[PDB]
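First residue of the first sequence? That's 151 in the deposited numbering, and the numbers climb one at a time after it.
All C-beta atoms in this analysis are idealised placements derived from N, C-alpha and C, irrespective of residue type, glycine included.
This report concerns only the one structure given below.
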Amino acid sequence: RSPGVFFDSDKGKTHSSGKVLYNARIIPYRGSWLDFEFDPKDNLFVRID
DNA sequence: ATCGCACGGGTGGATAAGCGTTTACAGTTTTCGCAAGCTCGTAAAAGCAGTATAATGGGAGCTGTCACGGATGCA
């Protein structure tokens, strides 16, 4: 996979809703990763590595 | 021819026993030969204590992403 930023989604991870959760993701050549993501309350979250 | 029969001589035959001669199958004596084991000696291996300018908090390349259920365990 090429480095850079990459946006995707999931279809049916939370089965009790049926909603779509979008996530952003920065991928470097060398270093830590950095994900942004949504949750079924429409809040924005961050997990590093 | 031709041939037995007999008295008797010579023997062959069956054990048996004889003779001097050169090695067995019994048992010990002798010497020589080389070890396997013990004792030893020391040069090598093995182990131990110390070294006084000053020195004071890792991360160390890890993980790169699969997704589905059950039980667990806080809240």
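Opening and closing residue of the beta strand (DSSP E) in which residue i lies
i: residue 160; result: 154-161
i: residue 197; result: 194-198
Three-way DSSP call (helix, strand, coil) for residue i in this model
i: residue 180; result: coil
i: residue 175; result: strand
i: residue 185; result: strand
Sequence-distant residues of the same chain with beta carbon closer than 8 Å to residue i, five excluded per side
i: residue 171; result: 159, 160, 163, 164, 187, 188, 189 and 190
Among the options, the one whose alpha carbon lies nearest that of residue i
i: residue 155; options: 167, 168, 183 and 166; result: 183
i: residue 194; options: 181, 173, 179 and 180; result: 173
i: residue 157; options: 198, 199, 175 and 167; result: 175
i: residue 192; options: 151, 153, 167 and 152; result: 167
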